[PDB]
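S.K.: I would like the atomic coordinates for the input below:
(chains A, B, C, D, E, F, G, H, I, J, K, L and M)
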Amino acid sequence: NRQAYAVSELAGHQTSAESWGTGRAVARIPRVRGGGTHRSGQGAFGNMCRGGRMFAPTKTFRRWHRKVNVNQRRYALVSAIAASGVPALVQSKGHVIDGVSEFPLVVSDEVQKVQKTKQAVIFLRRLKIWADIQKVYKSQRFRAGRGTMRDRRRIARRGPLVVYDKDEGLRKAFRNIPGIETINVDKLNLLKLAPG
Amino acid sequence: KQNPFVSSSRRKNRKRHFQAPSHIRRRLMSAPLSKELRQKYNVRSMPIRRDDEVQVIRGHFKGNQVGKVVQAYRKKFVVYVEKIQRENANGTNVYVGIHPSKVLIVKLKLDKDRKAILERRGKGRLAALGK
Amino acid sequence: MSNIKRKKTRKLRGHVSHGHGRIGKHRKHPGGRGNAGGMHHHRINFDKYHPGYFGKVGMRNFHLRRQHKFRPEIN
Amino acid sequence: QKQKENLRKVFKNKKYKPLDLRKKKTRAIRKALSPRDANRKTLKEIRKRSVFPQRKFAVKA
Amino acid sequence: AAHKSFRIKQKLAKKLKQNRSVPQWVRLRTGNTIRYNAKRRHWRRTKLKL
Amino acid sequence: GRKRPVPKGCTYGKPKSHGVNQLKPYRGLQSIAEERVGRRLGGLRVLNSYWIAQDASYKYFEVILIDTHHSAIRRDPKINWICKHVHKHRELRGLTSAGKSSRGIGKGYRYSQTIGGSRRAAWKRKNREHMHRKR
Amino acid sequence: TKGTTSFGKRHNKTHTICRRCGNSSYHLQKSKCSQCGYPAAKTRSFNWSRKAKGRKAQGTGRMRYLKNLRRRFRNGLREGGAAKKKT
Amino acid sequence: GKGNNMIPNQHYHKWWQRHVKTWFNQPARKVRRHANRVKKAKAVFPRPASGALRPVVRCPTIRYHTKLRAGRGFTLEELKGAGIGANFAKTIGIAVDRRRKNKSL
RNA sequence: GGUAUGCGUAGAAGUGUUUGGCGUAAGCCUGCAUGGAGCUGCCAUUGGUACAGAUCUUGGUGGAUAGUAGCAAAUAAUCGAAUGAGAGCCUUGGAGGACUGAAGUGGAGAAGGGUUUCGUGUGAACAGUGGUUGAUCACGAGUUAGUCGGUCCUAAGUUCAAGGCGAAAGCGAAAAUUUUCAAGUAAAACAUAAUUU
RNA sequence: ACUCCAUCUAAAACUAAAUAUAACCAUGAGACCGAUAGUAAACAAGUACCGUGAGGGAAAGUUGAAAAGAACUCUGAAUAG
RNA sequence: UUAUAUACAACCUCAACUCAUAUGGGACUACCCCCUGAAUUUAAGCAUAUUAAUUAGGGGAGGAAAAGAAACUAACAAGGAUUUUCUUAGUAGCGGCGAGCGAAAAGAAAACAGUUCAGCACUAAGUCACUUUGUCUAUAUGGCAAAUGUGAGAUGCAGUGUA
RNA sequence: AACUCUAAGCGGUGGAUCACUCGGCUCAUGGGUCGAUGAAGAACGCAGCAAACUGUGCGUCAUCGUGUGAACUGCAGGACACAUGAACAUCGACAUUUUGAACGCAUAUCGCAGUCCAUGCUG
RNA sequence: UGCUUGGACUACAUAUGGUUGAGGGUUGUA
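M.R.: Residues are numbered from 1 along each chain as shown, chains lettered A, B, ... in the order given. The structure is reproduced below:
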């Protein structure tokens, strides 16, 4: 999920500067030609210079994407599923799970028919897992980047993951709860089941 | 969210705000009606004319007041209200401007077109409850 | 995409000549560009390590087609 | 406008309207084969059309 | 001079009215960061040539 | 044959380039005929030509043109196709019969390089660096 | 005498204002413009002059036509039809 | 220089950097091409969604004696030998293409 | 990318600092000072990832000298008055002694300049001293043609109907051939008549 | 060269789709840059200026929530204190 | 009808027209079509080679263009327009056989669409363009007729038909 | 006390830092939009107070229609004729000077005409 | 005809048509 950054390949080089070259008591970089614009002579083309081209400018054909072997995806999903039980390893992601009554927690199929989000935080109340998505309310914050200019002004932590089988109305019913996200059993993205 | 033609960019949503022209700056300068008015019309909020009586609620003035507005200075996104003033060094009272998100309309200046806004805006608050 | 701390430049920075020598500096191309010259100043490198470079053994088949020798094998 | 609308009805049912009454659209679509004239059909083309209509089937097991 | 074209007196007409200070009021517009007139030529200091 | 128009004074650079008086065009003489017509009569499209006679200092030909705005050719669904815009100046882009000669287009093996469409679009695609996303 | 002495004898223009450029570039004696070629019926731009090409290209002026034309297309090249009051 | 390594032949002497193709729109050509198949399968009919008939077996050479060149033809004897309607077969969608000179019984 | 149910207008980053320690070091924590809105510890994975140098780049600043070299060609000014906050100027006016010295430091035009022109004002800047003055600044003004010029003619030349040539663009074209390739005439019939390349 | 075999029909004409796209209209993005960086140009930027010309080519962002931009007094010839 | 003694009527070739109506010359530049065509470089020198059948090009188009319906492949149990991607393959081959270059058939997939002339026989010009008069409605570089009004057209237009 | 050296305080010079950002760079998507009916580009003019920028052509910071429904704003004036519409958007009606694509002939000439109609004075 | 002010037109190349033509080109009837 990663698209290319790359600087303009003409940045650096639309001056026309020839090295006004020795012996003029001043060093040997390409200096700008003109006279009159006060950009003269003034240093062009090099990364040491102001205006000049960066050391190796970043291209688009850097390898941004990748191929993992597809058994190694399945033997990375398998270890994630297997660790979504075992509540020592849920509880060491934070994840307030000391109200839940089972691991791995299985709810009936009827919850896929739920349709309004009020009847979802009624549901996540009753199974004692509201206290986790109340913790995702606690850590809504702001990023400390550069995110804050570049349209990531934060996440919070993650919350649960309602693995349904058939969205009767479930995915629309769990959209606006902050922290939770649902998934369907055929897909099972790993990047959900082991964030980070 | 879900629409694809809908931006979520801060680079974009401020340019397409701070350079919105002078008739879409009408919409962005909307003010909340008081809770009496939502009985009388069932409209949540309405943009302001020059002469809708208003009540500041948030700010240093903060209001309990029959304030009429004198001008909605759209290029400043601000409204000047007919008491809400401040002295110059000379003593000539000038206006302190208040953004109409943080003002409160009390009595709308009813003419024929503003009323048909409240016919437009007063059916759709019903038909968004019949869904 | 490559973990740079294990790259030498994180570590050689900064001692002065960056791993390449004071006497015998890292210059631009001090031996030839490419396979120059494997017949004069690289010949020892080219026989050993590749005996059989620089000749012609021969029978030319203009446009070999790779079906007339297909014959997969099984013991 | 009253001069220009009045010049159009005195120039109806006349070929050779004046240039500035002749539908500006572009230059590129003005030069190219009036939409009747693209669809002129040679007698081979309007005989091989009418013989075999394209039928509406479903090759399904 | 004294013997100029019509085209050269018309261009030297125009460059006589672009040679002005900023009006005293547009310093006071809201969001008007016009400090000085920036492109004020000056007869012995910059010529024209152009 | 075409004498490289070099200023009396050399095709400078390497002796490979030093040739002046045996160079031959890549275009025909028939194609060079249709050009000098169709350049000159800018509002008539060229169809073909043919040899008619020659003598020894002037090969010379006979070009067929078609006004594409006469109604008797616009009405005509057998000749109508040259009226489209995609045939403007159809031999300054090489596309008559005696223009397609000098390109080199055909099939297969013998005309392999060049099979990209035309002739220059083959070296675009032979030389193409495919920087696949999932290497 | 190649210096400030000779530079004082310069008082006759080599170039005048052009017609399709309006720039001191019309060489009078060539009767040609150094930047566009006044008697050339064609504009004089080159590919080794990427900067100069975009100093006098489509868009830098007022495109009195290639701006409204751009709008007529968004409305489908309609013409002769005028609007009506909304109902 | 140095070492026992594998004589190089990388063909990067020809101002190659201006021949680079991105492939960053691999995914939204997959999406383009799919939304067209959906578009075209609805803009036919109940008619099949691919859909010609595409004949053959017997791809040519000695490697592929068996794995198909993908059948353009149906070669008019096979139409005439099968109850149709050679011009008619095209109107169904049988793909009649009259360049193959059927060489076997 | 996850996490710390982190920190934050009850004061974030940064910056300063005889706050106090920690580390062998790179470094780091902390108090106070200023500041006024964002920031960190940890686990991953990464980068445009660490400066004393490159006659490095770009901006700033020192010594010299903060007042040193210097403001010395074109003979020269001096009085008293009026100004004015202030006058060696040019500010002016009266006396005045001198210079240029008609091949002038004079009066006008060409090219060039482009409003510098001329009145009324005037603070800074500029006028390498000053400045009340100014080719400066601010604001108002100002160029009148049948006779003066252009415009009209042709010179060297631009060479310019394509007959031609060139892949084209285009052409070191005193063309030398291009049907009338004419510049033409109130001129008759049965292509206006000797005629102009 | 000589015997056959295989395979197409030159020297005439069209034709969508898949394909291409630093330009043009109209959009959505991003492990990008954050005013010596990123376009030369975040601003009256191909501007100011320089060159006869071809061409060259800058510098230049931030008061505060709101101008409430410092009335008035004294001293000054005064900006100023 | 032609000693260059006049006229008529044709035709061919060719003129002229401020004749009636039409096209033509954009400029953009990323892609596209045709041209034309270096040298820096690399070869640790250098001259073929290499750059590169490429910068500069430089004429001509479109929303894509060009291509394109076999004077093709192949040697099989046979394939079947073009274009594009994957693979063949950095392979056969080219190369001071040096430096270096370097494709295609088959396979896999995207998308798939076919066709028109010329020319014997096809045996009543069956043909087009305007032109005016109606009619049909529209800003129809129209339709239906009409005069068969010119004209084109047997030095051949139309129908049928195509390797 | 001069002067020098060292430190911090205070004041100046100076504009780093950090924190911001209607701008860029990259990637992607929907599109096809074109001048002799004068384009692209150029010159010159246009506002109550305007230099530029933006906008624009003697109808000149506009513009018929149409949408929307009280403003513009540095001051002044008008408008508020919102019910028969402000300002902005939109734009299909009109229009679009000198040029370049002057289309009469041409130049560092606002140069010089030919034919035609009309208005005015001739008469 | 004399002047003024307004309008309309007049570039080249080309296609078809129209109109006047040209030719010891080629025939024909007088």
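S.K.: could you list every residue that touches the residue in chain E positioned nearest to chain B?
M.R.: Residue of chain E nearest chain B, by C-beta to the nearest C-beta: residue E:30 (6.4 Å). Every C-beta, even on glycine, is put in place using the N, C-alpha and C of the backbone. Residues counted as contacts of residue E:30 (C-beta atoms under 8 Å, 6 or more residues apart in numbering or on different chains) are B:75-76.
S.K.: do the same with residue B:42
M.R.: Per C-beta under 8 Å, 6+ apart, neighbours of residue B:42: B:122, B:125-126.
S.K.: For it, give me the backbone phi and psi.
M.R.: Note on residue B:42: backbone dihedrals following degrees, to the nearest 10 are phi 50, psi 60.
S.K.: Check residue A:169 too.
M.R.: phi -150, psi 20.
S.K.: how about the longest helix seen in chain B: buried residues?
M.R.: For chain B, the helix with the greatest residue count under DSSP state H is helix B:112-127. Of the residues in helix B:112-127, residue B:118 count as buried by neighbour count, 16 or more other C-beta atoms under 10 Å in any protein chain shown.
S.K.: what packs against that helix?
M.R.: Judged by 3 or more C-beta pairs under 8 Å, 6 or more residues apart in numbering or on different chains; DSSP states H and E, the packing partners of helix B:112-127 are strand B:45-47.
S.K.: What residues does chain D have near chain G?
M.R.: D:23-26, D:29 (C-beta under 8 Å from any C-beta of the partner chain).
S.K.: what's the burial count for the one residue in chain H that gets nearest to chain E?
M.R.: Per C-beta to the nearest C-beta, the residue of chain H with the smallest distance to chain E is residue H:18, at 37.5 Å. Neighbourhood size, residue H:18 [other C-beta atoms under 10 Å in any protein chain shown]: 9.
S.K.: State the number of residues packed around the closest residue to chain E within chain A.
M.R.: Among all residues of chain A, residue A:36 sits closest to chain E, at 10.8 Å; criterion: C-beta to the nearest C-beta. Using other C-beta under 10 Å, residue A:36 has 6 neighbouring residues.
S.K.: Just to be sure, it is in a strand?
M.R.: No. Per DSSP: H, G, I helix; E, B strand; the rest coil, residue A:36 lies outside any strand segment and is coil.
S.K.: middle-most residue in chain E, spatially?
M.R.: residue E:19 (2.2 Å; C-alpha atoms, centre = their mean).
S.K.: Next up, the contacts around that one.
M.R.: E:40-41.
S.K.: how about a cut-off of 10 Å?
M.R.: Contacts for residue E:19 (C-beta atoms under 10 Å, 6 or more residues apart in numbering or on different chains) come out as E:37, E:39-43.
S.K.: gap between the residue lying closest to residue A:131 once chain neighbours are set aside and residue A:138?
M.R.: Distances taken as C-beta to C-beta, 6 or more residues apart in numbering or on different chains place residue A:96 nearest to residue A:131, at 4.7 Å, with adjacent residues excluded. Separation of residue A:96 from residue A:138 (C-beta to C-beta, to the nearest Å) stands at 10 Å.
S.K.: How about residue F:43?
M.R.: Counting by C-beta to C-beta, the gap from residue F:43 to residue A:138 is 78 Å.
S.K.: Could you pull up phi and psi at the residue of chain H closest to chain E?
M.R.: Residue H:18 adopts backbone torsions of phi -100, psi 20, taken as degrees, to the nearest 10.
S.K.: If we ignore the residues flanking it in sequence, what's nearest the residue most central in space within chain H?
M.R.: By C-alpha atoms, centre = their mean, chain H has its centre lying nearest to residue H:70, at 6.4 Å. Using C-beta to C-beta, 6+ apart and skipping the chain neighbours, the partner closest in space to residue H:70 is residue H:54 (6.4 Å).
S.K.: same check, this time on residue B:72
M.R.: With C-beta to C-beta, 6+ apart as the criterion, residue B:72 has its nearest non-adjacent residue at 5.0 Å, and that residue is residue B:79.
S.K.: my guess is residue H:12 meets residue C:33, correct?
M.R.: No. Residue H:12 lies out of contact with residue C:33 (C-beta atoms under 10 Å); the separation is 11.5 Å.
S.K.: As a check, name the ranges of all strands in chain D.
M.R.: For chain D, applying DSSP state E gives no strands.
S.K.: thinking again about what came up before, look at residue A:96 and residue A:138 and report which has more neighbours.
M.R.: Higher neighbour count among residue A:96 and residue A:138: residue A:96, with 17 against 9, using other C-beta under 10 Å.
S.K.: name the element that one belongs to?
M.R.: Here residue A:96, judged by DSSP states H and E, is contained in no helix and no strand.
S.K.: So it versus residue E:38, what's the distance?
M.R.: In terms of C-beta to C-beta, residue A:96 sits 63 Å off from residue E:38.
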